[PDB]
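Protein chains get the first letters and strands the later ones, always in sequence-line order, with residue 1 at the start of each.
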Amino acid sequence: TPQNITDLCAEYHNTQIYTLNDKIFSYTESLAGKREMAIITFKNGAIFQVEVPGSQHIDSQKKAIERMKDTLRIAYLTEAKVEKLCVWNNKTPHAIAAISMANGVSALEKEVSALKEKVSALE
Amino acid sequence: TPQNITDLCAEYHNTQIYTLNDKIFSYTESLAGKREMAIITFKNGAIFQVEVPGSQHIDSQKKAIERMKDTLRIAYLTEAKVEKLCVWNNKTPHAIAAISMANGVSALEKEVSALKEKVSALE
Amino acid sequence: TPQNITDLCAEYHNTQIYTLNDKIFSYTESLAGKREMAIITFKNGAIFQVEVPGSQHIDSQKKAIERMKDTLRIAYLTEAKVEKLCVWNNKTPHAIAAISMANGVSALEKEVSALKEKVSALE
Amino acid sequence: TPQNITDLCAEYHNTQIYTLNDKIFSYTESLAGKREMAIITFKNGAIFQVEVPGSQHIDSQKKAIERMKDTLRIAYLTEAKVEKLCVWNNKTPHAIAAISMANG
Amino acid sequence: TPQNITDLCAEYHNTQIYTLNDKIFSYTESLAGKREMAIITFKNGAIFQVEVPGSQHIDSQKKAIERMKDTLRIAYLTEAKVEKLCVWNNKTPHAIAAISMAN
Amino acid sequence: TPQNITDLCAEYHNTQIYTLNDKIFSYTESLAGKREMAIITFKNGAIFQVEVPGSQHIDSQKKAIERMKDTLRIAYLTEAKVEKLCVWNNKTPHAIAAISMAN
Amino acid sequence: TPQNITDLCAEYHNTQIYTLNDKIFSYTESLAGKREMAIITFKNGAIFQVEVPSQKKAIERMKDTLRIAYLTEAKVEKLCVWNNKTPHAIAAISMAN
Amino acid sequence: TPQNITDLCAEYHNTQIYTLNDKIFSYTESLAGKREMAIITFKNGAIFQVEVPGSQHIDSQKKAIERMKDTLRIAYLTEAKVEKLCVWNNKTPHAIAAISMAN
Amino acid sequence: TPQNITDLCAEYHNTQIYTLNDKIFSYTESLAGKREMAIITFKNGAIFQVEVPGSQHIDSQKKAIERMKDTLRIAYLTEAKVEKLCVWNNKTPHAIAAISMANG
Amino acid sequence: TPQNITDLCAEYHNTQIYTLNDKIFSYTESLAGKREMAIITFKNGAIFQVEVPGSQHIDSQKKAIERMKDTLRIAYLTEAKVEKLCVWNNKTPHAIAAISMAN
Amino acid sequence: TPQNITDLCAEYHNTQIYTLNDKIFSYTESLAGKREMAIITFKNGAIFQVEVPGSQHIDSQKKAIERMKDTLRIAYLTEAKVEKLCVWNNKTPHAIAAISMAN
Amino acid sequence: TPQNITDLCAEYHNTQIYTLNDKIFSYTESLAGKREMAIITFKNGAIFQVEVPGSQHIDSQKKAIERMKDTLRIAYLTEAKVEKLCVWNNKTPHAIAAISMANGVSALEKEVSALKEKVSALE
Amino acid sequence: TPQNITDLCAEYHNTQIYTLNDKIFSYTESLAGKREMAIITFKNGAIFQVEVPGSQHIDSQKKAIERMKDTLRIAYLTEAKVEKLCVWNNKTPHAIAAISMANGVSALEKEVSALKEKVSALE
Ligand SMILES: [Cl-]
């Protein structure tokens with residue numbers, strides 16, 4: 001069994017890791033017939049789907065597909081940073097296989113936390 | 001597969017995009033027999049339903065109809081801005097097919113606007 | 001005539017903008033028969049090709065395909081920041097149609113550099 | 001034969017000199033069909049193209065169009081000051097006919 | 001289409017990946033008749049050629065052979081780290097099919 | 001065969017050597033029809049062209065004219081000292097036949 | 001196929017290796033009719049040409065190599081040259097750092 | 001199906017509504033090869049085109065492009081107020097997709 | 001053959017007469033792909049379309065759809081009173097099948 | 001060739017002249033399948049159609065039917081006095097074959 | 001190419017100019033089979049036809065014949081002064097080849 | 001893409017702009033074989049044709065030639081001011097490539113209308 | 001036949017356009033043997049000759065050379081703005097082939113600027 005998303009991703013053909021360290025920019029969901037799907041975007045222009053169940057999914061994946069859509073919705077609404085996505089790159093948009101969330105404090109976010117410690121000390 | 005709500009909407013007859021860029025004003029839900037439905041309103045007076053599950057829905061849409069009602073409820077309670085709705089305009093109220101939510105608000109841009117108000121007051 | 005890479009990208013089917021504001025992480029080039037191509041990667045995991053010249057290219061594109069590979073090589077070797085790529089998302093890896101380079105100090109990054117000059121002068 | 005970019009510019013209809021005395025802010029290039037072009041910008045908001053080769057170019061200009069795009073790319077990457085551009089003002093963006101680089 | 005040099009290399013017979021993670025030690029180029037070739041070496045003693053264009057090359061490779069020699073020359077002069085070479089191990093020196101450069 | 005630019009220059013009519021021992025002050029290039037040319041200037045006011053390729057050039061000179069414009073551009077951008085220019089003084093501006101660069 | 005410039009040079013009759021281990025002192029190029037040539041010199045006093053013209057491309061490449069070597073001050077290790085020409089004519093160049 | 005120009009505009013990428021509530025200031029039309037186009041201007045300086053028919057148009061649009069030019073000409077000649085234009089903002093001038101007239 | 005718009009309307013399923021006795025308040029027309037349509041409104045808030053030509057139209061209707069859009073545009077520009085519209089009420093907006101204009 | 005509408009009308013079976021010397025009271029047009037027609041009325045109660053085009057009408061008459069509908073619409077909108085109609089009396093309503101307008 | 005209607009008319013056999021300097025008194029149009037024609041009259045009693053399209057017309061004339069009928073109808077309805085008609089005098093009524101309108 | 005008739009005109013050989021700011025004086029149209037053309041004149045003596053369709057026209061121009069004749073007829077009948085014509089000067093009469101209409105004769109006419117409002121107020 | 005000085009200039013070898021948009025600063029004329037010539041200067045330091053009639057002139061040019069000297073003299077004496085000179089740059093001073101003079105700033109536009117200065121002072 002793999003111990004992280006990168007090792008998990010390497011067990012499948014036609015997959016790659018995207019490292020975003022960013023919150024979701026947009027969340028789209030459809031109940032329309034044959035398009036019961038979710039789409040997320042990031043500021044950098046990356047677009048990802050959770051595929052419509054049917055075609056190419058085994059029974060054990062049905063619950064995990066529904067869980068992924070719940071995860072993306074609550075991540076979007078809480079502005080949770082997505083660390084990595086494992087995706088299938090043979091689909092358009094690229095299709096989510098796995099997600100990691102970690103709070104990796106952004107580049108100028110350490111200089112904004114330090115001008116909030118120096119700004120709440122002077123005035 | 002479509003990459004966004006506008007392309008998704010164009011795959012169906014009797015649909016249109018409403019651009020709201022606003023949070024939901026009201027959320028209504030019913031468990032009454034033959035009216036197991038949700039209704040949302042916006043400040044501008046727009047009214048939308050999630051239809052009662054019925055003969056016009058295929059089996060794959062049952063879970064997506066339940067998910068849409070979960071999405072609208074948590075969006076209402078968190079005051080999330082709705083960007084667009086794709087709706088069937090041959091129903092009254094217009095019936096939701098898809099929803100997009102977009103997060104404009106720049107994360108550390110609210111802490112940079114607040115250390116520009118605290119920095120142009122002390123020194 | 002388009003005025004920028006975003007307008008240029010919108011003139012084609014199956015394209016999207018990626019905003020990277022990052023230097024190229026890796027540059028790969030092949031002279032092997034039927035794989036006369038280049039591949040670039042970014043730290044974020046994004047992979048892009050310049051396609052093998054083929055039946056989907058018109059004669060006008062031949063010189064521009066060779067120019068794009070020259071541009072990517074010199075950009076890699078000088079660590080030039082890539083601002084945007086316009087790519088075809090119906091290819092795997094996504095295929096480069098256009099590139100913009102600007103050394104763009106970010107929006108709130110100019111107000112963070114100015115509250116680091118005003119903050120290292122008071123205390 | 002003209003001795004400088006200003007005299008060269010005056011030999012063509014629908015041209016004007018822009019004096020920038022600034023390095024290129026952005027360099028854009030496309031291999032997309034019918035948009036095999038370059039676009040440069042300056043900090044001041046000025047936008048210029050090297051046109052797609054077309055029916056308004058004579059055969060002798062094909063190599064010079066390719067050379068101009070090489071020049072703009074290496075100028076961008078070395079932060080060379082552009083002194084002047086001679087451009088066609090009947091195109092949007094204005095289309096580069098000539099470039100001078102001086103002592104920046 | 002492959003996504004990296006290792007997958008590209010595996011599509012051909014008689015090829016292998018060398019991982020160098022090192023800059024080029026020497027660049028040699030010849031204009032002598034029937035030896036219009038380039039040779040690079042690494043500190044570890046590894047020697048690689050860009051083959052003389054010949055009957056084993058298809059027309060689409062002609063420009064890519066010239067590009068490879070340009071790439072090796074500018075890589076040598078800028079001391080760029082070569083990550084991997086895909087080479088034909090059927091030739092002596094081994095003949096370059098592909099190069100990857102990574103920081 | 002001549003061994004330096006001065007001996008090379010003396011093989012042609014209407015040529016002279018200018019000794020600059022200075023980097024190029026300005027580089028101008030045109031893609032305008034019938035003016036596909038380059039112009040360089042020096043601080044001392046000297047102006048030189050690479051002529052538009054034309055009926056006064058033989059086929060072997062076409063590539064050398066393109067090479068000269070590449071050389072002048074990279075010389076300008078690297079601030080390389082130009083030692084001497086061999087030019088045709090029959091043309092206005094004087095037209096470059098050869099360039100020497102020494103540190 | 002030879003593996004270095006010295007073995008390559010030994011495959012031809014009129015050739016010799018010069019070992020310079022020095023950067024190029026001067027670069028000269030001409031576009032004049034029948035003298036489309038390059039001349040390089042070393043501090044040592046050594047003078048070499050790329051002669052006036054698939055060897056067509058290699059002649060053009062050699063002149064590109066000598067120009068960028070001159071401008072980057074790259075050390076030239078060895079030249080293989082034809083000694084039946086004056087100046088001696090470049091057949092091959094090796095650069096080692 | 002949309003019920004108004006604003007909803008219609010939202011069904012396309014790279015579009016926006018301009019509200020003019022003004023008559024057309026100028027009408028320009030061309031029969032020249034590869035420029036078979038119309039341009040309208042408003043007093044406020046806004047410029048809009050009906051694009052040359054091209055590869056970005058499907059067959060069903062050919063008649064509608066001709067109708068739009070008829071509509072703009074009769075609107076200009078009758079001084080009809082244009083309420084809104086839906087336009088593609090990735091073109092210069094911005095390219096008309098739809099027009100509404102009220103009042 | 002029917003002698004008036006009301007009798008014509010009664011020959012089709014899913015149609016109804018609207019009596020407006022009013023000029024058109026707004027005229028909207030689109031050349032966008034798959035939305036090659038017209039929309040008219042009246043002061044009372046009523047909205048009507050000329051449908052995109054499609055699989056529900058027979059060949060003879062192509063010309064009549066183009067004629068209807070010409071009629072609505074010239075009616076709007078001349079402020080002609082529309083007497084009645086025959087429309088399909090199974091479309092949103094309701095889709096025009098016929099128009100009458102009466103001078104008195 | 002006849003020189004007026006009355007002589008033209010007399011060349012056909014099942015036709016007659018109506019003299020109206022009045023503008024059109026109502027203009028009706030339909031795009032409904034198999035009813036692609038126009039109906040005009042006069043204050044005196046006279047009703048006339050432009051017949052549905054079809055495949056059993058000669059090609060020259062299909063174009064003239066389209067012209068007649070354009071003529072009736074612009075006549076209605078300008079309140080032009082209709083002098084005479086030539087109509088086929090074997091159709092109900094009587095079907096327009098020709099129209100004359102005098103001031 | 002002629003510069004006015006009088007020079008145009010003189011290029012054909014069997015033509016003459018009528019100078020009317022008057023608006024059209026009557027406009028007649030027919031969709032009856034083999035009489036798809038227009039007839040105009042002037043107050044002075046002059047009668048002119050646009051001929052039925054037929055074997056004496058070349059393909060380039062088809063659109064121009066339809067344009068002439070559009071021109072005569074809009075001229076009649078706007079009371080535009082007709083300056084001159086170029087007509088074929090070997091037809092009865094005389095057949096319109098060209099029209100000029102001036103003021 | 002050009003932005004106005006003057007830029008459009010400069011894209012062609014053998015063309016020039018005439019600025020008329022005047023209504024059409026005469027409209028002539030012919031259906032005679034090989035002279036299926038229109039001729040307009042202005043009071044100043046300028047004569048212009050819409051050329052007979054021929055071998056010098058590409059297929060895309062056919063509809064635009066018919067449109068130009070419609071435009072000239074309705075312009076004549078409404079007395080619309082023609083601002084500019086782009087014409088080919090290698091034809092006799094000069095042949096129309098483009099027309100602009102604007103209701104101007106403004107420029108110093110707006111400062112003459114304002115010194116007639118200031119002059120009928122003082123004396 | 002060319003339509004302007006720029007097209008005329010492009011028909012000759014060793015010519016260039018100078019744009020002066022200025023009146024002539026000096027006029028010099030000589031009747032001395034073998035120097036029967038004119039020289040004009042501009043404030044910017046530009047010097048131009050009308051060449052001595054000679055073996056490089058065809059018979060047709062004799063009258064035009066005399067006319068050019070008449071034109072330059074009357075232009076000098078009336079302070080007429082010279083727009084452009086087409087000159088041979090293989091002669092010292094550069095030798096005049098053609099001259100353009102352009103007007104612009106309108107006749108009654110100087111009396112409209114003066115009844116706007118007299119009208120915004122009284123009433
Ligand atoms: Cl005859």
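For the atom pair NZ of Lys34(K) and OG1 of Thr1(J), the computed distance is 13.5 Å after rounding to the nearest 0.5 Å. To the nearest 0.5 angstrom, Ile24(H) atom CD1 is 13.0 Å from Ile39(H) atom CD1. To the nearest 0.5 Å, atom CG of residue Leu20(J) and atom CD1 of residue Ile99(J) are 9.0 Å apart.
Contact of the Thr15(L) side chain with the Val87(L) side chain is not registered, since no non-hydrogen atoms from C-beta on lie closer than 4.5 Å. Side chains of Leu85(K) and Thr19(K) form no contact here, defined as non-hydrogen atoms less than 4.5 Å apart. A heavy-atom distance below 4.5 Å is found between the side chains of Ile96(J) and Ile40(J). Residues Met37(K) and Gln49(K) are in side-chain contact: their nearest non-hydrogen atoms beyond the backbone lie under 4.5 Å apart. Looking at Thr28(H) and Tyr76(H), their side chains never come closer than 4.5 Å, going by heavy atoms from C-beta outward. Put simply, the side chain of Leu8(J) does not reach to within 4.5 Å of the side chain of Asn4(J), judged on heavy atoms. Contact check for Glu66(K) versus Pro53(K): side-chain heavy atoms found under the 4.5 Å cut-off.
Checked for salt-bridge contact, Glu36(I) and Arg67(H) miss the test: no charged N lies under 4.0 Å from a carboxylate O. Salt bridge annotation for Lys69(I)-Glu29(I): absent, with no cationic side-chain nitrogen under 4.0 angstrom from a carboxylate oxygen. The existence of a salt bridge linking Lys81(K) and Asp22(K) is excluded, since no basic side-chain nitrogen approaches an acidic carboxylate oxygen closer than 4.0 Å.
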Between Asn103(I) and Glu79(J), is a side chain to side chain donor-acceptor pair (under 3.5 Å) present by the stated rule, with each step listed?
CA-CA 9 Å; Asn103(I) 203 5; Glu79(J) 304 191 284; 3.1 Å; yes
Candidate pair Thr71(J) and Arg73(K), rule side-chain contact (heavy atoms from CB on, under 4.5 Å), full reasoning:
CA-CA 8 Å; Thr71(J) 296; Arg73(K) 175 174 61 206; 2.7 Å; yes
Stepwise side chain to side chain donor-acceptor pair (under 3.5 Å) test for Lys84(J) and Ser100(J):
CA-CA 5 Å; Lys84(J) 288 163 193 297; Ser100(J) 65; over 6 Å; no
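Using modelled atom types and a 3.5 Å distance limit, the side chains of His57(J) and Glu51(J) yield a donor-acceptor pair.
The SG atoms of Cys86(J) and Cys9(J) are placed at least 2.5 angstrom from each other.
A donor-acceptor contact shorter than 3.5 Å is absent between the side chain of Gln61(J) and the backbone of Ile58(J). In this structure a side-chain-to-backbone donor-acceptor pair under 3.5 Å is present from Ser30(L) to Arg35(L).
With sequence neighbours excluded, the residues forming a side chain to side chain contact (heavy atoms under 4.5 Å, CB included) with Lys62(H) are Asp59(H), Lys63(L), listed by chain and number.
The aromatic rings of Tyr12(J) and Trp88(J) lie perpendicular to each other, with more than 60° between the two planes, well past the 30° mark.
A disulfide (SG to SG under 2.5 Å) check over residues 36-75 of chain K, counting only residues at least two apart or in different chains, returns nothing.
When ring centroids are compared, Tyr18(K) and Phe42(K) stay outside the 6.0 Å threshold.
When all heavy atoms of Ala98(I) and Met68(I) are compared, the closest pair comes out as CA-CE, 4.1 Å.
Enclosure of atom CG in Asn90(L) by more than 12 non-hydrogen atoms of other residues, nucleotides or ligands within 6.0 angstrom is indicated.
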